[PDB]
Asker: 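Structure incoming, see below.
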Amino acid sequence: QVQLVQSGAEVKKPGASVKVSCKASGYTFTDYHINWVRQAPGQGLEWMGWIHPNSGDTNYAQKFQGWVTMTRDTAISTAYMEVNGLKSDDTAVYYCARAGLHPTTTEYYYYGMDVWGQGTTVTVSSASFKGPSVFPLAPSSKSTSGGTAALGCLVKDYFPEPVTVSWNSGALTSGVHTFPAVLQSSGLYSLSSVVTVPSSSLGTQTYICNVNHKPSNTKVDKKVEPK
Amino acid sequence: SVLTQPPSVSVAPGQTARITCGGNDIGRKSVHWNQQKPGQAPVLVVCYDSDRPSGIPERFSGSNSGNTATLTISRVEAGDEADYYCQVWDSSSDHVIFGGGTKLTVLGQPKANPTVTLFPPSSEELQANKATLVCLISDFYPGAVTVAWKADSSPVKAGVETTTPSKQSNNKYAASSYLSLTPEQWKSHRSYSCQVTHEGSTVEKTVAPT
């Protein structure tokens with residue numbers, strides 16, 4: 001079938017360049033335009049331009065002309081998108097797409113996109129492999145049911161995923177809520193884990209979050225006191 | 001040239017969803033429609049205003065005339081929940097233009113209001129010359145939410161990072177939002193607030209230094 005096979009995920013430091021590839025299969029490469037579209041996390045589709053593999057002709061979008069370069073290698077049926085001077089706002093999924101929707105009239109002489117690649121993730125960050133800092137989220141009962149309190153642990157600024165959190169070495173599982181990590185402009189991750197416990201137990205029972213970040217070989221057992 | 005789409009449309013299963021794509025003289029252009037699900041690449045569901053591509057159910061129908069193109073999805077199923085994009089070529093600029101995208105929500109359970117928990121920066125973090133406010137949001141449906149931060153009754157958008165909603169074990173949604181401050185910023189204002197808007201209602205929590 002008609003497929004576009006895109007290269008793998010990339011982590012780039014600011015200022016670097018990145019060149020992602022888009023290899024065609026299941027059809028003749030020089031028969032259709034290749035369009036490029038990028039999508040920042042949680043945003044919409046953003047057309048970057050197209051290249052015709054037969055002639056090499058390009059049409060750069062206004063927002064991207066001058067700092068991206070579309071090329072192609074017909075010998076190996078591959079198109080390339082190079083992005084230069086990478087900034088944090090260049091973090092996105094970069095799609096290629098075949099322009100298989102031929103025009104129906106000479107009035108609207110446009111070849112539209114039919115088959116899309118799976119996308120190439122590019123994350124621009126000053127991030128290196130980094131263990132997290134763990135801070136306590138001291139108990140409060142303002143948003144929990146009557147007679148219960150919520151306390152937690154802030155696991156801040158780590159890379160890469162994942163971070164696992166347990167409570168009291170696994171003895172405490174009921175009422176534990178570990179929220180999925182946020183990915184920040186720095187390219188570092190942060191997550192929080194909170195457990196809802198009886199208010200009376202705050203004087204009696206000790207609460208420890210067991211944070212494990214294997215990629216940096218960091219472990220923290222943070223005791224969370226009522227303060 | 002700009003294509004205007006409503007940011008969101010919500011329907012119950014079996015109902016008919018209608019997604020509009022507004023543009024001047026868009027009836028003269030040929031509109032294609034893309035469907036994108038999370039963990040999906042854009043897929044063609046309508047081509048050439050109204051044509052149905054291969055494999056797409058006949059429930060997916062498009063129309064185009066005047067200043068508005070419309071994607072119509074009859075007998076909506078839960079699998080139709082996705083972001084939909086209209087696309088057009090603008091000859092005067094030689095640009096391919098996508099609409100802003102419409103998130104189609106298929107309402108599979110009653111609305112549930114969010115629970116908001118807000119933690120102030122810890123004293124230990126302040127001693128490390130940092131300050132992070134943690135806003136935790138849970139138990140809401142549908143899984144669409146917008147967070148806004150304020151300080152002394154004034155909007156704050158620098159340093160805000162919000163996750164997208166994620167399903168919980170009880171099949172409701174959860175999310176979190178972080179506000180990174182300096183120790184002086186945290187200590188100089190009255191208070192900061194996390195404002196969570198969900199389905200036209202807002203829940204706001206506020207914390208203050210010491």
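Basis for what follows: all heavy atoms, side chains included, without hydrogens, waters or symmetry-related copies. Every chain is numbered from 1 and lettered A, B, ... according to where its sequence line falls, protein lines coming before strand lines.
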Asker: Taking all non-hydrogen atoms of both residues, which atom of A/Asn54 and which atom of A/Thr30 are closest, and how far apart?
Answerer: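 Nearest pair, atom of A/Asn54 first, then A/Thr30: CB-O, 3.5 Å.
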Asker: Within the distance-only criterion (no hydrogens, no angle test), does the side chain of B/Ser61 pair as donor or acceptor with the backbone N or O of B/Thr72 below 3.5 angstrom?
Answerer: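 Looks like no, no N/O pair under 3.5 Å.
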Asker: Any heavy-atom pair between the side chains of A/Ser125 and A/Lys13 that's under 4.5 Å?
Answerer: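 No - every pair of side-chain heavy atoms lies 4.5 Å or more apart.
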Asker: Side-chain contact test, heavy atoms from C-beta onward, threshold under 4.5 Å: evaluate it for B/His198 versus B/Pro142 and give yes or no.
Answerer: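 With C-beta onward as the side chain, the pair touches.
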Asker: Does either side chain, that of A/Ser166 or that of A/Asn210, offer a donor lying less than 3.5 Å from an acceptor on the other one?
Answerer: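 A donor-acceptor contact under 3.5 Å links the two side chains.
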Asker: Output yes when a side-chain donor or acceptor of B/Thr163 lies under 3.5 Å from a complementary backbone atom of B/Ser176, and no otherwise.
Answerer: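 Yes, the answer is positive, given that a donor and an acceptor are paired below the 3.5 Å cut-off.
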Asker: Judged by atom type as modelled, is there a donor-acceptor pair below 3.5 Å linking the side chain of B/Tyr141 to the main-chain atoms of B/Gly108?
Answerer: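 Checking the backbone N and O of B/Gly108 against the side chain of B/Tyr141, a donor-acceptor pair under 3.5 Å is found.
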Asker: Can you tell me if B/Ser193 uses its side chain to pair, donor with acceptor, with the backbone of B/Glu204 under 3.5 Å?
Answerer: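 Not confirmed, B/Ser193 side chain does not pair with B/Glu204 backbone.
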Asker: Do A/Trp47 and B/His95 have their ring centres less than 6.0 Å from each other?
Answerer: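 Between A/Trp47 and B/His95, the centre distance is under 6.0 Å.
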Asker: Between A/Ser190 (side chain only) and A/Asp157 (backbone N and O only), is there a donor and an acceptor less than 3.5 Å apart?
Answerer: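 Checking the backbone N and O of A/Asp157 against the side chain of A/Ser190, a donor-acceptor pair under 3.5 Å is found.
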Asker: Using only heavy-atom distances, determine whether the side chains of B/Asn170 and B/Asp139 contain a donor-acceptor pair under 3.5 Å.
Answerer: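 Present: a donor and an acceptor within the cut-off.
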Asker: Fit a plane to each ring of A/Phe159 and A/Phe129, take the angle between them on a 0 to 90° scale, and name the class: parallel (under 30°), tilted (30 to 60°) or perpendicular (over 60°).
Answerer: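 Geometry flag for A/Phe129 against A/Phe159: perpendicular rings.
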Asker: What do the steps show when you test B/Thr202 against B/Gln195 for side chain to side chain donor-acceptor pair (under 3.5 Å), and what is the final call?
Answerer: CA-CA 6 Å; B/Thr202 181; B/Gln195 288 168 353; 5.6 Å; no
Asker: Compare every heavy atom of B/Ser177 with every heavy atom of B/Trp149, then report the nearest pair and how far apart it is.
Answerer: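 In terms of heavy atoms, the two residues are closest at NE1-OG, 2.9 Å.
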Asker: To the closest 0.5 Å, what do you measure between CG (A/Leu45) and CE (A/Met48)?
Answerer: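 One gets 12.5 Å once the value is rounded to the nearest 0.5 Å.
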Asker: Does any part of the side chain of B/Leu179, heavy atoms only, come nearer than 4.5 Å to the side chain of B/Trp186, both counted from C-beta?
Answerer: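 No - every pair of side-chain heavy atoms lies 4.5 Å or more apart.
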Asker: Tell me whether A/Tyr60 contacts the main-chain N or O of A/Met70 through its side chain, where contact means a donor paired with an acceptor under 3.5 Å.
Answerer: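 Such a contact is found between A/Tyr60 side chain and A/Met70 backbone.
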Asker: If we count only N and O atoms by modelled type, under 3.5 Å, do the side chains of A/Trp50 and A/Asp57 hold a donor and an acceptor together?
Answerer: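 Side-chain D/A pair, A/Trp50 to A/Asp57: absent.
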Asker: Within a reach of under 6.0 Å around CD of A/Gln118, are more than 12 heavy atoms found that belong to other residues, nucleotides or ligands?
Answerer: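 Not buried by this count: 12 neighbours or fewer within 6.0 Å.
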Asker: Establish, from distance only, whether the side-chain atoms of B/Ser92 and B/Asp90 form a donor-acceptor pair under 3.5 Å.
Answerer: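 Checked: B/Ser92/B/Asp90 side chains pair up, N/O donor to acceptor below 3.5 Å.
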Asker: Please test A/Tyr80 against A/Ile34 for side chain to side chain contact (heavy atoms under 4.5 Å, CB included), starting from the C-alpha separation and ending with a verdict.
Answerer: CA-CA 10 Å; A/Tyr80 305 93; A/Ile34 290 291; over 6 Å; no
Asker: Is it the case that A/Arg98 places NZ or CZ above or below the six-membered ring of A/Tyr27, under 6.0 angstrom from the centre and within 45 degrees of the axis?
Answerer: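 Yes, cation above the ring, under 6.0 Å and within 45°.
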Asker: Quick one: does NZ or CZ of A/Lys130 land under 6.0 Å from the six-membered ring centre of A/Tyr158, within 45 degrees of the ring axis?
Answerer: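 Judged by the rule, A/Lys130 and A/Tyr158 form no cation-pi pair.
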Asker: Could you note down all residue pairs passing disulfide bond (SG atoms under 2.5 Å apart) where residues 25-91 of chain A supplies at least one of them, sequence neighbours left out?
Answerer: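 Passing the test, one end in residues 25-91 of chain A: no pairs.
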Asker: Using atom types as modelled and distance alone, determine if a side-chain donor or acceptor of A/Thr148 lies under 3.5 Å from a backbone N or O of A/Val197.
Answerer: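 No; judged by distance alone, with no hydrogens or angles, the pair does not exist.
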Asker: With B/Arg59, which residues qualify under salt bridge (charged side-chain N to carboxylate O under 4.0 Å, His left out), at least two apart?
Answerer: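 In terms of salt bridge (charged side-chain N to carboxylate O under 4.0 Å, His left out), with neighbours along the sequence ignored, B/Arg59 is linked to B/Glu77, B/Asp80.
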Asker: Could you give me the CA-CA distance, side-chain angles and deciding distance for A/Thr120 and A/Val93, then say whether side chain to side chain contact (heavy atoms under 4.5 Å, CB included) is met?
Answerer: CA-CA 5 Å; A/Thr120 293; A/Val93 174; over 6 Å; no
Asker: List the steps, then state whether side chain to side chain donor-acceptor pair (under 3.5 Å) holds for A/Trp167 with A/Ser193.
Answerer: CA-CA 9 Å; A/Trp167 284 92; A/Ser193 173; 3.0 Å; yes
Asker: Are the side chain of B/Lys150 and the backbone N or O of B/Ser191 linked by a donor-acceptor pair below 3.5 Å?
Answerer: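 Not at all, since once roles are kept as given, no pair shorter than 3.5 Å links the two residues.
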Asker: On a heavy-atom basis, which atom in A/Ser192 and which in B/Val134 lie closest, and how many Å separate them?
Answerer: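 A/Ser192 and B/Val134 have their closest heavy atoms at OG-CG1, 3.3 Å.
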Asker: Are a donor atom and an acceptor atom from the side chains of A/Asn212 and A/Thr164 found within less than 3.5 Å of each other?
Answerer: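 A/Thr164 and A/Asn212 do not have a side-chain donor-acceptor pair below 3.5 Å.
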Asker: A/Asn84 and A/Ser17: side chain to side chain donor-acceptor pair (under 3.5 Å), yes or no, with the steps?
Answerer: CA-CA 4 Å; A/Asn84 306 285; A/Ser17 292; 2.8 Å; yes
Asker: Would you check if the side chain of B/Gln35 reaches a backbone N or O of B/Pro42 as a donor-acceptor pair within less than 3.5 Å?
Answerer: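 No, the answer is negative, given that no donor and acceptor are paired below the 3.5 Å cut-off.
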Asker: Tell me, do B/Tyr178 and B/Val160 make a side-chain contact under 4.5 Å, heavy atoms counted?
Answerer: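 A side-chain contact is absent here, since even the closest heavy-atom pair is not under 4.5 Å.
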Asker: What is the minimum heavy-atom distance between A/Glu161 and A/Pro215, and which atoms define it?
Answerer: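 It is O-CG, 3.9 Å.
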Asker: According to the ring-ring contact (aromatic ring centres under 6.0 Å, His included) rule, which pairs have a member within residues 84-105 of chain A, sequence neighbours left out?
Answerer: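 Listed by first then second residue: A/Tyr95-A/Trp116.
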Asker: What is the minimum heavy-atom distance between B/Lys29 and B/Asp49, and which atoms define it?
Answerer: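 Looking at all heavy atoms of both residues, the closest pair is O-OD1, 3.5 Å.
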Asker: May I ask you to test the A/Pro103-A/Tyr110 pair for a side-chain heavy-atom distance under 4.5 Å?
Answerer: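 No; the side chains remain at least 4.5 Å from each other.
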Asker: Are any of the side-chain heavy atoms of A/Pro132 and A/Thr218 separated by less than 4.5 Å?
Answerer: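 Side chain of A/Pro132 against side chain of A/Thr218, heavy atoms only: contact under 4.5 Å found.
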Asker: Between A/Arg72 and A/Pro53 (side chain of the first, backbone of the second, donor and acceptor by atom type, cut-off under 3.5 Å), is there such a pair?
Answerer: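 Yes; at least one donor-acceptor contact below 3.5 Å.
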Asker: Taking the side chain as everything from C-beta on, heavy atoms only, tell me whether B/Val196 gets closer than 4.5 Å to B/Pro114.
Answerer: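 Side chain of B/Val196 against side chain of B/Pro114, heavy atoms only: contact under 4.5 Å found.
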Asker: Between A/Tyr32 and A/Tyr111, is the ring centroid distance below 6.0 Å?
Answerer: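 No, ring centres 6.0 Å or more apart.
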Asker: Between B/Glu161 and A/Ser185, is a side chain to side chain donor-acceptor pair (under 3.5 Å) present by the stated rule, with each step listed?
Answerer: CA-CA 8 Å; B/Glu161 305 275 7; A/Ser185 319; 2.8 Å; yes
Asker: Charged N to carboxylate O under 4.0 angstrom, B/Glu81 versus B/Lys37?
Answerer: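 No, no charged N to carboxylate O under 4.0 Å.
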Asker: Side chains of A/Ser216 and A/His213: do they bring a donor and an acceptor to under 3.5 Å?
Answerer: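 The answer is yes; a qualifying pair exists.
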Asker: If you take all heavy atoms of B/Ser138 and B/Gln168, which pair is closest and at what distance?
Answerer: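 For B/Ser138 and B/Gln168, the tightest heavy-atom pair comes out as CB-OE1, 3.4 Å.
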Asker: Between the side chains of B/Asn171 and B/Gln109, does any donor sit under 3.5 Å from an acceptor?
Answerer: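 No, B/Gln109 and B/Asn171 have no side-chain donor paired with an acceptor closer than 3.5 Å.
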Asker: I would like to know whether A/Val134 and A/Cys209 meet side chain to side chain contact (heavy atoms under 4.5 Å, CB included); could you show each step before the answer?
Answerer: CA-CA 9 Å; A/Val134 183; A/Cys209 72; 4.1 Å; yes
Asker: CZ of B/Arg18 to CG of B/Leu71: how many Å apart, nearest 0.5 Å?
Answerer: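 CG of B/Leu71 is found 11.0 Å from CZ of B/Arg18.
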Asker: For a side chain to side chain contact (heavy atoms under 4.5 Å, CB included) check, start with the C-alpha distance between B/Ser8 and B/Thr105, then their side-chain angles and the critical distance, and finish with the verdict.
Answerer: CA-CA 7 Å; B/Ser8 39; B/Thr105 292; 5.7 Å; no
Asker: Ring centroids only, cut at 6.0 angstrom: are B/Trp33 and B/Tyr85 within range, meaning strictly under it?
Answerer: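 That pair fails the under 6.0 Å test.
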Asker: Would B/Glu125 and B/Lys130 pass as an ion pair if we require N to O under 4.0 Å?
Answerer: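 Looking at B/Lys130 together with B/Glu125, the answer is no, because their closest N to O distance does not fall below 4.0 Å.
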Asker: Report yes if the side chains of A/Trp67 and A/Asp90 come closer than 4.5 Å at any heavy-atom pair, otherwise no.
Answerer: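 Yes, their side chains come closer than 4.5 Å.
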